[PDB]
Amino acid sequence: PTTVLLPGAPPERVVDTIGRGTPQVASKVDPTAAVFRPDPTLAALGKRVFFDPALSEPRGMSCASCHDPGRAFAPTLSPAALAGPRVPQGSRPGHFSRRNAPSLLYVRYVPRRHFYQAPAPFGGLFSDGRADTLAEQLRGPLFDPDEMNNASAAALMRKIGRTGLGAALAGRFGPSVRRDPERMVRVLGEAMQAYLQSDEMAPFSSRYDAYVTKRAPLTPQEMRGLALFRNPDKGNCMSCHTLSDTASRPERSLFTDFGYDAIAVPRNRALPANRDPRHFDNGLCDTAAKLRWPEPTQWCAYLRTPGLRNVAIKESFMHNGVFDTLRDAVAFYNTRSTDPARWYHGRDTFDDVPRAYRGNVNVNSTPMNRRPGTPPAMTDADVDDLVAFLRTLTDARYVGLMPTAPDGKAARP
Ligand code: HEC
Ligand code: HEC
Ligand SMILES: [Cl-]
Ligand SMILES: [Cl-]
(Lines give C-alpha, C1' and ligand atoms only; values in the text may rest on other atoms or scores of the structure.)
(Ligands and ions follow the chains in the order given, each with its own letter.)
Protein backbone atom coordinates (compact mmCIF):
# COMPACT_ATOMS: atom_id res chain seq x y z
CA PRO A 1 0.00 0.00 0.00
CA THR A 2 1.24 3.46 -0.98
CA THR A 3 0.19 7.09 -0.88
CA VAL A 4 1.38 10.20 -2.73
CA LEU A 5 1.93 13.11 -0.33
CA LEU A 6 3.25 15.76 -2.78
CA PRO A 7 2.39 16.24 -6.48
CA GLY A 8 4.35 13.90 -8.72
CA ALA A 9 6.32 12.48 -5.80
CA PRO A 10 7.07 8.77 -5.58
CA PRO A 11 4.38 6.81 -3.74
CA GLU A 12 5.35 6.27 -0.13
CA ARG A 13 4.75 2.99 1.68
CA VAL A 14 1.86 3.23 4.14
CA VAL A 15 2.45 1.34 7.38
CA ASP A 16 -0.82 2.26 9.15
CA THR A 17 -3.95 4.42 9.09
CA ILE A 18 -4.68 6.91 11.89
CA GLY A 19 -8.32 7.90 12.46
CA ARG A 20 -10.46 8.53 9.37
CA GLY A 21 -7.69 7.71 6.94
CA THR A 22 -4.56 9.68 7.81
CA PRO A 23 -1.63 7.60 6.50
CA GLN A 24 1.40 6.81 8.58
CA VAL A 25 4.41 6.49 6.28
CA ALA A 26 7.76 4.76 6.59
CA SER A 27 10.05 7.61 5.46
CA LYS A 28 10.31 11.39 5.69
CA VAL A 29 8.67 13.35 2.90
CA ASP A 30 11.39 14.78 0.69
CA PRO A 31 10.41 18.08 -1.00
CA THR A 32 13.06 17.53 -3.69
CA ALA A 33 11.12 14.44 -4.84
CA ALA A 34 7.98 16.33 -5.86
CA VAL A 35 7.42 16.91 -9.58
CA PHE A 36 5.23 19.87 -10.60
CA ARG A 37 4.22 19.29 -14.22
CA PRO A 38 3.49 22.68 -15.83
CA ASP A 39 -0.11 23.26 -16.88
CA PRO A 40 -0.15 26.84 -18.15
CA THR A 41 -3.79 27.07 -19.19
CA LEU A 42 -5.15 25.58 -15.95
CA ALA A 43 -2.74 27.69 -13.88
CA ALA A 44 -3.94 30.80 -15.72
CA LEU A 45 -7.55 29.94 -14.84
CA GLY A 46 -6.51 29.60 -11.21
CA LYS A 47 -4.85 33.01 -11.34
CA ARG A 48 -8.04 34.44 -12.84
CA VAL A 49 -9.98 33.07 -9.85
CA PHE A 50 -7.35 34.38 -7.43
CA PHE A 51 -7.76 37.98 -8.58
CA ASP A 52 -11.56 37.99 -9.16
CA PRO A 53 -13.18 40.53 -6.77
CA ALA A 54 -16.68 39.30 -7.58
CA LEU A 55 -16.11 36.23 -5.38
CA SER A 56 -16.99 37.99 -2.12
CA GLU A 57 -20.11 39.38 -0.49
CA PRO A 58 -20.25 42.35 -0.69
CA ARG A 59 -18.24 42.34 -3.91
CA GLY A 60 -14.74 43.77 -3.93
CA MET A 61 -12.59 41.21 -2.12
CA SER A 62 -10.50 38.64 -4.01
CA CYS A 63 -7.97 36.14 -2.70
CA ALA A 64 -5.37 38.84 -3.34
CA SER A 65 -7.12 41.07 -0.75
CA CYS A 66 -5.40 38.94 1.92
CA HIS A 67 -2.50 37.53 -0.15
CA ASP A 68 -0.95 40.56 -1.87
CA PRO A 69 1.22 39.67 -4.89
CA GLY A 70 3.31 42.73 -4.00
CA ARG A 71 4.08 41.25 -0.54
CA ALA A 72 4.91 37.60 -1.35
CA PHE A 73 1.19 36.75 -1.36
CA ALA A 74 1.00 37.65 2.33
CA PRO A 75 -1.53 40.18 3.63
CA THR A 76 -1.26 43.90 3.29
CA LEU A 77 -3.55 44.76 6.20
CA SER A 78 -6.36 47.29 5.95
CA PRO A 79 -6.33 50.36 8.22
CA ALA A 80 -8.92 48.81 10.56
CA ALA A 81 -6.86 45.63 10.73
CA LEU A 82 -3.68 47.55 11.55
CA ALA A 83 -5.44 49.61 14.21
CA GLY A 84 -7.18 46.63 15.78
CA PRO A 85 -6.57 42.89 15.54
CA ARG A 86 -3.52 42.84 13.20
CA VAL A 87 -5.00 40.01 11.14
CA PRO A 88 -6.80 40.39 7.79
CA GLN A 89 -10.10 42.20 7.56
CA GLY A 90 -12.81 40.33 5.69
CA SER A 91 -15.34 41.52 3.17
CA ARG A 92 -17.28 43.72 5.65
CA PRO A 93 -16.33 46.37 8.20
CA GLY A 94 -15.89 44.83 11.61
CA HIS A 95 -15.23 41.30 10.33
CA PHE A 96 -11.74 39.83 10.58
CA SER A 97 -10.02 36.50 10.01
CA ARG A 98 -9.64 34.29 13.09
CA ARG A 99 -5.90 33.95 12.39
CA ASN A 100 -3.16 35.78 10.53
CA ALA A 101 -2.67 34.87 6.89
CA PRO A 102 0.61 33.44 5.60
CA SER A 103 2.51 34.03 2.43
CA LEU A 104 1.41 31.59 -0.27
CA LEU A 105 4.78 31.41 -1.97
CA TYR A 106 6.23 27.90 -1.49
CA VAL A 107 2.80 26.59 -0.42
CA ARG A 108 3.08 23.86 -3.08
CA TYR A 109 5.53 22.07 -0.78
CA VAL A 110 3.02 21.64 2.09
CA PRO A 111 2.39 17.86 1.96
CA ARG A 112 -0.84 16.05 2.59
CA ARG A 113 -1.48 15.15 6.22
CA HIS A 114 0.51 12.18 7.46
CA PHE A 115 2.24 10.67 10.46
CA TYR A 116 5.90 9.66 10.62
CA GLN A 117 7.95 8.29 13.53
CA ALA A 118 6.54 8.10 18.86
CA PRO A 119 4.88 9.10 15.55
CA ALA A 120 4.27 12.75 14.83
CA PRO A 121 1.86 14.63 12.54
CA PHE A 122 2.99 16.50 9.44
CA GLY A 123 1.32 18.35 6.61
CA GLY A 124 -2.14 19.70 5.96
CA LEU A 125 -3.03 23.25 5.00
CA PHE A 126 -4.00 25.97 7.45
CA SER A 127 -2.13 26.26 10.76
CA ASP A 128 -4.29 23.46 12.23
CA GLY A 129 -3.92 21.26 9.14
CA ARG A 130 -7.68 21.02 8.60
CA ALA A 131 -7.48 20.95 4.74
CA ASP A 132 -5.63 18.07 3.10
CA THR A 133 -5.08 19.79 -0.27
CA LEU A 134 -5.09 23.22 -1.89
CA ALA A 135 -8.33 22.30 -3.67
CA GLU A 136 -10.06 21.66 -0.32
CA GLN A 137 -8.50 24.74 1.31
CA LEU A 138 -10.40 27.36 -0.62
CA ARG A 139 -13.73 26.28 0.87
CA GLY A 140 -12.54 28.11 3.97
CA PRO A 141 -12.16 31.69 2.72
CA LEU A 142 -15.00 31.44 0.19
CA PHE A 143 -17.74 30.58 2.72
CA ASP A 144 -16.41 32.07 5.98
CA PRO A 145 -18.63 35.00 7.00
CA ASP A 146 -15.53 36.68 8.51
CA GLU A 147 -13.63 36.39 5.20
CA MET A 148 -15.20 36.37 1.70
CA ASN A 149 -18.71 35.64 3.08
CA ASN A 150 -20.39 33.83 0.22
CA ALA A 151 -23.61 32.44 1.65
CA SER A 152 -23.31 28.90 0.30
CA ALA A 153 -21.86 26.94 -2.58
CA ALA A 154 -25.28 27.17 -4.26
CA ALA A 155 -25.24 30.97 -4.05
CA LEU A 156 -21.66 31.22 -5.25
CA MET A 157 -22.36 28.87 -8.16
CA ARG A 158 -25.27 30.99 -9.34
CA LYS A 159 -23.24 34.17 -9.03
CA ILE A 160 -20.21 32.80 -10.93
CA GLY A 161 -22.43 31.16 -13.54
CA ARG A 162 -23.61 34.59 -14.75
CA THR A 163 -20.06 35.83 -15.37
CA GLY A 164 -17.20 35.37 -17.78
CA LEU A 165 -15.45 33.27 -15.18
CA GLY A 166 -18.43 30.93 -15.20
CA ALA A 167 -18.10 30.61 -18.97
CA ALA A 168 -14.38 29.91 -18.73
CA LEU A 169 -14.97 27.24 -16.10
CA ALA A 170 -17.82 25.68 -18.08
CA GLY A 171 -15.68 25.72 -21.22
CA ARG A 172 -12.97 23.70 -19.47
CA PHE A 173 -15.00 21.58 -17.04
CA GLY A 174 -18.42 21.29 -18.67
CA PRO A 175 -21.81 22.96 -18.31
CA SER A 176 -22.72 21.26 -15.02
CA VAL A 177 -20.43 23.66 -13.16
CA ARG A 178 -23.44 26.03 -13.24
CA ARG A 179 -25.90 23.46 -11.84
CA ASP A 180 -23.96 21.33 -9.29
CA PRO A 181 -22.70 23.49 -6.39
CA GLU A 182 -20.12 20.97 -5.20
CA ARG A 183 -18.75 20.49 -8.73
CA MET A 184 -18.27 24.26 -8.98
CA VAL A 185 -16.29 24.29 -5.73
CA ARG A 186 -14.23 21.29 -6.80
CA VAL A 187 -13.19 22.77 -10.13
CA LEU A 188 -12.38 26.15 -8.53
CA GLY A 189 -10.04 24.11 -6.34
CA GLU A 190 -8.47 22.23 -9.27
CA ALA A 191 -7.72 25.52 -11.02
CA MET A 192 -6.36 27.10 -7.86
CA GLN A 193 -4.12 24.11 -7.13
CA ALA A 194 -2.57 24.50 -10.58
CA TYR A 195 -1.89 28.20 -10.03
CA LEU A 196 -0.43 27.77 -6.56
CA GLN A 197 1.79 24.90 -7.74
CA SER A 198 3.18 26.82 -10.72
CA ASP A 199 6.86 27.66 -10.70
CA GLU A 200 6.31 31.39 -10.34
CA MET A 201 4.82 30.65 -6.92
CA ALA A 202 8.18 29.23 -5.72
CA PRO A 203 10.82 31.69 -6.99
CA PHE A 204 13.85 30.91 -4.75
CA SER A 205 15.26 34.36 -5.55
CA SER A 206 16.52 35.50 -2.13
CA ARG A 207 20.05 36.43 -1.12
CA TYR A 208 20.10 33.22 0.94
CA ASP A 209 19.34 31.33 -2.31
CA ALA A 210 22.20 33.14 -4.04
CA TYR A 211 24.46 32.07 -1.16
CA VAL A 212 23.31 28.44 -1.53
CA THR A 213 23.64 28.34 -5.32
CA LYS A 214 25.78 31.10 -6.94
CA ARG A 215 28.11 31.28 -3.85
CA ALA A 216 27.26 35.00 -3.63
CA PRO A 217 28.37 35.74 -0.06
CA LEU A 218 26.32 36.92 2.88
CA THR A 219 27.60 39.47 5.37
CA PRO A 220 29.59 38.43 8.44
CA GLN A 221 26.59 39.32 10.63
CA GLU A 222 24.24 37.26 8.45
CA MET A 223 26.66 34.34 8.75
CA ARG A 224 26.70 34.74 12.55
CA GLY A 225 22.92 34.58 12.51
CA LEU A 226 22.92 31.48 10.30
CA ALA A 227 25.27 29.81 12.76
CA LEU A 228 23.03 30.78 15.71
CA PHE A 229 20.03 29.47 13.76
CA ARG A 230 21.69 26.04 13.50
CA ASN A 231 23.30 26.04 16.97
CA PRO A 232 21.38 23.59 19.21
CA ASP A 233 22.59 25.39 22.34
CA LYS A 234 21.60 28.94 21.30
CA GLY A 235 18.94 29.51 18.63
CA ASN A 236 18.12 25.84 17.90
CA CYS A 237 15.81 27.22 15.22
CA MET A 238 16.79 24.55 12.69
CA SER A 239 15.26 21.79 14.85
CA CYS A 240 11.83 22.94 13.63
CA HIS A 241 12.55 25.44 10.82
CA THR A 242 14.68 23.00 8.90
CA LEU A 243 17.29 23.84 6.28
CA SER A 244 20.06 22.23 4.26
CA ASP A 245 22.43 24.34 2.16
CA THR A 246 23.45 21.33 0.06
CA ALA A 247 23.40 20.19 -3.59
CA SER A 248 23.00 23.92 -4.34
CA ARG A 249 19.29 22.99 -4.26
CA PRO A 250 17.26 25.77 -2.58
CA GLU A 251 14.17 23.56 -2.04
CA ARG A 252 16.03 21.69 0.68
CA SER A 253 15.72 24.97 2.66
CA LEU A 254 12.04 25.58 3.26
CA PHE A 255 12.60 26.59 6.92
CA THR A 256 10.00 24.14 8.16
CA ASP A 257 9.55 20.40 8.30
CA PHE A 258 5.74 20.95 8.09
CA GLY A 259 5.46 19.44 11.55
CA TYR A 260 3.57 20.77 14.55
CA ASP A 261 4.66 22.24 17.86
CA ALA A 262 3.31 24.22 20.78
CA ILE A 263 5.33 27.36 21.55
CA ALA A 264 2.44 29.27 23.24
CA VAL A 265 2.85 32.77 21.81
CA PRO A 266 1.07 35.49 23.83
CA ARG A 267 -2.65 36.07 23.54
CA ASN A 268 -3.68 38.74 21.05
CA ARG A 269 -6.15 40.58 23.26
CA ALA A 270 -7.42 42.62 20.29
CA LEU A 271 -8.75 39.59 18.38
CA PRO A 272 -12.59 39.58 18.47
CA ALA A 273 -12.95 35.95 19.57
CA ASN A 274 -10.65 36.61 22.52
CA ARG A 275 -13.16 39.01 24.09
CA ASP A 276 -14.57 35.82 25.58
CA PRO A 277 -11.99 34.97 28.30
CA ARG A 278 -12.98 31.30 28.05
CA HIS A 279 -12.14 31.22 24.33
CA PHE A 280 -8.79 29.91 23.17
CA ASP A 281 -7.67 28.98 19.68
CA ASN A 282 -6.30 25.53 20.45
CA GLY A 283 -4.94 24.67 17.00
CA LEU A 284 -4.38 21.13 15.88
CA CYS A 285 -6.57 19.30 18.40
CA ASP A 286 -9.74 20.52 16.67
CA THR A 287 -8.52 18.90 13.46
CA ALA A 288 -7.41 15.79 15.35
CA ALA A 289 -10.94 15.36 16.70
CA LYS A 290 -12.51 15.80 13.25
CA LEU A 291 -10.19 13.11 11.87
CA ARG A 292 -10.73 10.77 14.87
CA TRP A 293 -7.03 10.72 15.68
CA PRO A 294 -6.44 8.98 19.04
CA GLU A 295 -6.50 11.18 22.14
CA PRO A 296 -6.92 14.40 20.15
CA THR A 297 -6.51 16.85 23.06
CA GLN A 298 -2.83 15.88 23.35
CA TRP A 299 -2.47 18.19 20.33
CA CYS A 300 -4.15 21.26 21.82
CA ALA A 301 -1.86 24.31 21.44
CA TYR A 302 -0.01 22.69 18.52
CA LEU A 303 0.29 24.66 15.28
CA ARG A 304 2.04 23.94 11.99
CA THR A 305 5.60 25.29 11.96
CA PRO A 306 5.56 28.03 9.29
CA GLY A 307 8.25 28.45 6.71
CA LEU A 308 10.24 31.65 7.20
CA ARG A 309 10.85 32.73 3.59
CA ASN A 310 9.77 36.37 3.17
CA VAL A 311 9.09 36.63 6.91
CA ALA A 312 10.76 40.04 7.10
CA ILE A 313 8.10 41.78 4.93
CA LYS A 314 5.10 40.70 7.02
CA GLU A 315 3.12 43.31 8.94
CA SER A 316 2.35 40.95 11.85
CA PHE A 317 3.66 37.62 13.05
CA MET A 318 2.47 34.27 14.41
CA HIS A 319 -0.93 32.61 13.91
CA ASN A 320 -2.70 35.33 15.92
CA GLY A 321 -0.79 38.36 14.61
CA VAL A 322 0.32 39.18 18.15
CA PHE A 323 3.76 40.62 17.25
CA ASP A 324 4.22 43.62 14.95
CA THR A 325 8.00 43.38 14.54
CA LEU A 326 10.17 40.50 13.42
CA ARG A 327 12.66 41.20 16.20
CA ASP A 328 9.95 40.67 18.84
CA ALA A 329 9.03 37.32 17.28
CA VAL A 330 12.66 36.20 17.54
CA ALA A 331 13.24 37.69 21.02
CA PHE A 332 10.19 35.78 22.30
CA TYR A 333 12.11 32.51 21.98
CA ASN A 334 14.97 33.81 24.07
CA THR A 335 13.08 34.97 27.18
CA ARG A 336 9.62 33.31 27.06
CA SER A 337 10.83 30.88 29.73
CA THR A 338 13.16 33.15 31.73
CA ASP A 339 10.85 36.21 31.80
CA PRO A 340 7.25 35.10 31.21
CA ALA A 341 5.81 38.32 32.67
CA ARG A 342 7.38 40.36 29.83
CA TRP A 343 5.52 38.33 27.21
CA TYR A 344 2.29 37.21 28.88
CA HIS A 345 0.99 40.62 29.95
CA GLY A 346 2.37 40.22 33.47
CA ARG A 347 1.46 36.56 34.09
CA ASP A 348 4.03 33.94 35.13
CA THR A 349 2.81 31.42 32.55
CA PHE A 350 1.17 31.22 29.14
CA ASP A 351 -1.90 33.39 28.71
CA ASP A 352 -3.24 31.92 25.46
CA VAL A 353 -3.40 28.25 26.50
CA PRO A 354 -6.21 26.93 28.73
CA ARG A 355 -5.06 25.64 32.12
CA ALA A 356 -6.10 22.19 30.88
CA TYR A 357 -3.44 22.19 28.13
CA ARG A 358 -0.52 24.12 29.64
CA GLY A 359 1.39 20.82 29.98
CA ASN A 360 1.21 20.34 26.21
CA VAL A 361 3.47 23.35 25.69
CA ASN A 362 7.08 22.74 24.73
CA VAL A 363 9.31 23.58 27.72
CA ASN A 364 12.21 21.30 26.82
CA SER A 365 13.45 22.55 23.42
CA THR A 366 16.30 25.05 23.59
CA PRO A 367 15.96 28.08 24.02
CA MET A 368 12.53 27.73 25.69
CA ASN A 369 13.87 25.41 28.45
CA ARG A 370 15.47 27.87 30.91
CA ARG A 371 13.66 28.64 34.13
CA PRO A 372 13.45 32.14 35.61
CA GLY A 373 16.75 33.00 37.26
CA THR A 374 18.77 31.19 34.61
CA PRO A 375 20.39 33.41 31.97
CA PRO A 376 18.73 33.18 28.58
CA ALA A 377 20.44 31.10 25.90
CA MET A 378 21.27 34.15 23.72
CA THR A 379 22.34 37.79 24.04
CA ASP A 380 20.51 40.71 22.47
CA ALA A 381 23.30 40.83 19.88
CA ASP A 382 22.55 37.19 19.07
CA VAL A 383 18.90 38.14 18.52
CA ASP A 384 19.97 40.99 16.23
CA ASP A 385 22.11 38.56 14.21
CA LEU A 386 19.23 36.08 13.85
CA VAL A 387 17.05 38.90 12.49
CA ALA A 388 19.81 39.79 10.02
CA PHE A 389 19.85 36.19 8.82
CA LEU A 390 16.05 36.01 8.45
CA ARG A 391 16.17 39.11 6.27
CA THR A 392 18.27 37.16 3.73
CA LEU A 393 15.24 34.94 3.04
CA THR A 394 13.27 37.69 1.26
CA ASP A 395 12.65 37.08 -2.44
CA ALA A 396 14.25 39.69 -4.67
CA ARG A 397 10.96 41.34 -5.74
CA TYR A 398 10.14 42.27 -2.15
CA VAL A 399 13.37 43.43 -0.44
CA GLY A 400 12.17 47.05 -0.45
CA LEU A 401 9.33 46.18 1.92
CA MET A 402 11.63 45.12 4.72
CA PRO A 403 12.26 47.86 7.28
CA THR A 404 15.57 49.49 6.52
CA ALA A 405 16.25 49.44 10.26
CA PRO A 406 16.14 45.71 11.09
CA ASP A 407 14.35 46.25 14.42
CA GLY A 408 11.52 48.08 12.67
CA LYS A 409 8.24 47.29 10.96
CA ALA A 410 7.63 46.28 7.36
CA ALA A 411 6.70 49.00 4.89
CA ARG A 412 3.02 49.94 4.74
CA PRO A 413 1.01 51.71 2.03
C1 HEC B 1 -8.52 37.43 4.15
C2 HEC B 1 -9.95 37.82 4.57
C3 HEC B 1 -8.50 36.10 3.37
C4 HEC B 1 -8.93 35.89 2.12
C5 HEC B 1 -9.76 36.87 1.27
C6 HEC B 1 -8.41 34.64 1.62
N7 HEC B 1 -7.55 34.15 2.59
FE8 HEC B 1 -6.20 32.64 2.33
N9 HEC B 1 -5.83 32.66 4.32
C10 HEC B 1 -6.28 33.65 5.21
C11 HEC B 1 -5.90 33.27 6.55
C12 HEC B 1 -6.28 34.00 7.82
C13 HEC B 1 -5.19 31.97 6.44
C14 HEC B 1 -4.63 31.12 7.59
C15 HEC B 1 -5.81 30.51 8.30
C16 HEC B 1 -5.44 29.35 9.21
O17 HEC B 1 -6.39 28.84 9.87
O18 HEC B 1 -4.24 29.03 9.31
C19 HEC B 1 -5.17 31.64 5.04
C20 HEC B 1 -4.55 30.54 4.54
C21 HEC B 1 -4.56 30.20 3.21
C22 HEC B 1 -3.91 29.05 2.65
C23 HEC B 1 -3.17 27.97 3.46
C24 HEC B 1 -1.68 28.26 3.50
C25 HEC B 1 -0.91 27.34 4.40
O26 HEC B 1 -1.53 26.65 5.27
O27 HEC B 1 0.35 27.43 4.34
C28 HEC B 1 -4.08 29.10 1.32
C29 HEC B 1 -3.66 28.05 0.30
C30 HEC B 1 -4.93 30.22 1.01
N31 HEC B 1 -5.13 30.92 2.18
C32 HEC B 1 -5.49 30.51 -0.21
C33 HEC B 1 -6.50 31.40 -0.43
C34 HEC B 1 -7.27 31.53 -1.64
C35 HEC B 1 -7.05 30.66 -2.88
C36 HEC B 1 -8.20 32.47 -1.46
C37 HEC B 1 -9.25 33.00 -2.46
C38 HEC B 1 -10.29 31.89 -2.75
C39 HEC B 1 -7.98 33.04 -0.15
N40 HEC B 1 -6.94 32.38 0.46
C41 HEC B 1 -8.59 34.14 0.37
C42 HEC B 1 -7.08 34.73 4.92
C43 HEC B 1 -7.64 34.98 3.70
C1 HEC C 1 9.94 24.09 17.17
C2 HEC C 1 9.92 23.78 18.68
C3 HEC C 1 10.33 25.57 16.99
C4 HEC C 1 11.50 26.14 17.30
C5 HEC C 1 12.72 25.55 18.05
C6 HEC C 1 11.53 27.45 16.72
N7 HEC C 1 10.32 27.65 16.08
FE8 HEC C 1 9.73 29.37 15.19
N9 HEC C 1 7.84 28.68 15.02
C10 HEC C 1 7.44 27.40 15.41
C11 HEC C 1 6.00 27.36 15.38
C12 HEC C 1 5.10 26.18 15.72
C13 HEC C 1 5.54 28.69 14.95
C14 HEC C 1 4.08 29.16 14.81
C15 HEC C 1 3.60 29.62 16.17
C16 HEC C 1 2.34 30.43 16.05
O17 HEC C 1 1.81 30.85 17.13
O18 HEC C 1 1.96 30.81 14.91
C19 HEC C 1 6.73 29.46 14.70
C20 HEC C 1 6.74 30.73 14.21
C21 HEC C 1 7.88 31.43 13.93
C22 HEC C 1 7.91 32.78 13.43
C23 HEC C 1 6.69 33.54 12.86
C24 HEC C 1 6.50 33.27 11.38
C25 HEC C 1 5.27 33.88 10.77
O26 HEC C 1 5.02 33.52 9.58
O27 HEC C 1 4.40 34.45 11.48
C28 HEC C 1 9.19 33.13 13.31
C29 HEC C 1 9.74 34.50 12.91
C30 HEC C 1 10.02 32.09 13.86
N31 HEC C 1 9.17 31.10 14.29
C32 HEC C 1 11.37 32.19 14.14
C33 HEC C 1 12.10 31.25 14.82
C34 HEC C 1 13.49 31.38 15.18
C35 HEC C 1 14.41 32.52 14.67
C36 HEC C 1 13.83 30.36 15.96
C37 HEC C 1 15.16 30.10 16.71
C38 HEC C 1 15.47 31.26 17.69
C39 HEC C 1 12.66 29.49 16.06
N40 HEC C 1 11.61 30.07 15.39
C41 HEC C 1 12.59 28.31 16.75
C42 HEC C 1 8.22 26.39 15.91
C43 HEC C 1 9.54 26.52 16.24
CL1 LIG D 1 -28.80 24.71 -6.03
CL1 LIG E 1 -2.51 41.86 22.73
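Numbers and lists here come from the model and the stated rules, or from a named source; none is laboratory data. A quick note on method: Cβ atoms are made from the backbone with ideal geometry, for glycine too, and the neighbour counts reach across all protein chains shown.
Taking residue 175 as the residue in question, decide whether it is touching a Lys or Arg at 6+ places or on another chain (Cβ under 9 Å) and either more than 22 Å from residue 256 (Cα to Cα) or of a type in the set (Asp, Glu) (or both). Walk me through it before giving the result.
Details: touching a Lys or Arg at 6+ places or on another chain (Cβ under 9 Å): no; either more than 22 Å from residue 256 (Cα to Cα) or of a type in the set (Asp, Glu) (or both): yes.
The answer is no for residue 175.
Can you confirm whether residue 286 is out of contact with any strand residue (DSSP E or B) (no Cβ under 8 Å at 6 or more places or on another chain), within 16 Å of ligand 4 (Cβ to nearest atom) and not assigned by TED's automatic domain parsing to the domain that holds residue 102?
no
Out of 407, 385, report the one residue that is surrounded by fewer than 21 Cβ atoms within 10 Å (Cβ to Cβ) and on the phi < 0 side of the Ramachandran plot. Full working, then the answer.
Values: 385 fails: surrounded by fewer than 21 Cβ atoms within 10 Å (Cβ to Cβ).
Residue meeting the stated conditions: 407.
Residues in region 338-347: is at least one part of a loop (DSSP other than H, G, I, E, B), within 11 Å of ligand 2 (Cβ to nearest atom) and either within 20 Å of residue 86 (Cβ to Cβ) or of a type in the set (S, T, N, Q) (or both)?
No; the residues of region 338-347 include none that is part of a loop (DSSP other than H, G, I, E, B), within 11 Å of ligand 2 (Cβ to nearest atom) and either within 20 Å of residue 86 (Cβ to Cβ) or of a type in the set (S, T, N, Q) (or both).
For residue 248, state whether it is surrounded by fewer than 18 Cβ atoms within 10 Å (Cβ to Cβ) and either farther than 25 Å from residue 383 by Cα or touching a strand residue (DSSP E or B) at 6+ places or on another chain (Cβ under 7 Å) (or both).
Yes.
Out of the residues in region 263-278 meeting the condition of being away from ligand 2 (no atom under 16 Å from the Cβ) and of a type outside the set (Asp, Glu), tell me which one is surrounded by the most Cβ atoms within 10 Å (Cβ to Cβ).
Residues of region 263-278 away from ligand 2 (no atom under 16 Å from the Cβ): 272, 275-278.
Okay, now just the ones that are also of a type outside the set (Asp, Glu), so 272, 275, 277-278.
Values: 272: 16, 275: 9, 277: 8, 278: 5.
Going through the qualifying residues, I end up with 272.
Find all pairs meeting these conditions: Cβ atoms under 7 angstrom apart; at least six residues apart or on different chains; first residue within region 54-76 and in the same structural domain as residue 163 (by TED's automatic domain parsing) and under 19 Å from residue 396 (Cβ atoms); second residue crowded, with 22+ Cβ neighbours inside 10 Å and of a type in the set (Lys, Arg).
Taking only residues 6 or more apart or on different chains, the pairs are 74/314.
From (1) over 24 Å from residue 401 (Cβ atoms); (2) not assigned by TED's automatic domain parsing to the domain that holds residue 350, pick out the condition that doesn't hold for residue 271.
If we test residue 271 against (1) over 24 Å from residue 401 (Cβ atoms); (2) not assigned by TED's automatic domain parsing to the domain that holds residue 350, just (2) comes out false.
Looking at residue 195, is it within 16 Å of ligand 2 (Cβ to nearest atom), closer than 30 Å to residue 244 by Cα and either in a helix (DSSP H, G or I) or not assigned by TED's automatic domain parsing to the domain that holds residue 252 (or both)?
Answer is no for this residue.
For region 35-47, give me the residue count where each residue is under 20 Å from residue 103 (Cα atoms) and either buried (at least 16 other Cβ atoms within 10 Å of the Cβ) or not assigned by TED's automatic domain parsing to the domain that holds residue 74 (or both). Steps first, please.
From region 35-47, those under 20 Å from residue 103 (Cα atoms) are 36, 43-44, 46-47; that's our starting set.
Retained after the next criterion (residues that are either buried (at least 16 other Cβ atoms within 10 Å of the Cβ) or not assigned by TED's automatic domain parsing to the domain that holds residue 74 (or both)): 36, 43, 46-47.
Going through region 35-47 one residue at a time, the tally reaches 4.
Go through region 114-136 residue by residue and tally those that are assigned to a strand (DSSP E or B) and of a type in the set (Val, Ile, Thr).
Applying the first criterion (assigned to a strand (DSSP E or B)) to region 114-136 yields 114-116, 120-122, 125, 131.
From the residues that got through so far, the ones that are of a type in the set (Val, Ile, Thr) too are none.
Within region 114-136, residues that are assigned to a strand (DSSP E or B) and of a type in the set (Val, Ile, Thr) number 0.
Pull out all pairs, ordered by first then second residue, where Cβ-Cβ is under 7 Å, the residues are six or more apart or on different chains, the first lies in region 251-265 and is within 14 Å of residue 301 (Cβ to Cβ), and the second is in a strand (DSSP E or B) and within 8 Å of ligand 2 (Cβ to nearest atom).
260/302; 260/303; 260/304; 261/302; 262/302
Is there any pair linking a residue in region 86-104 that is closer than 20 Å to residue 254 by Cβ and of a type in the set (A, V, I, L, M) to one that is more than 12 Å from ligand 2 (Cβ to nearest atom) and part of a loop (DSSP other than H, G, I, E, B), with Cβ under 6 Å and at least six apart or on different chains, and which?
Sorted first by the residue in region 86-104, then by its partner, the pairs are 101/66; 101/88; 104/67; 104/73.
Determine which member of the set 301, 312 is small (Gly, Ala, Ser) and within 16 Å of ligand 1 (Cβ to nearest atom). So that I can check it myself, show each step before the final result.
On the way: 312 fails: within 16 Å of ligand 1 (Cβ to nearest atom).
The unique qualifying residue is 301.
Looking only at residues that are more than 20 Å from residue 73 (Cβ to Cβ), of a type outside the set (A, V, I, L, M) and within 17 Å of the chain's Cα centre (by Cα) in region 287-319, which one is nearest to ligand 2 (Cβ to nearest atom)?
302
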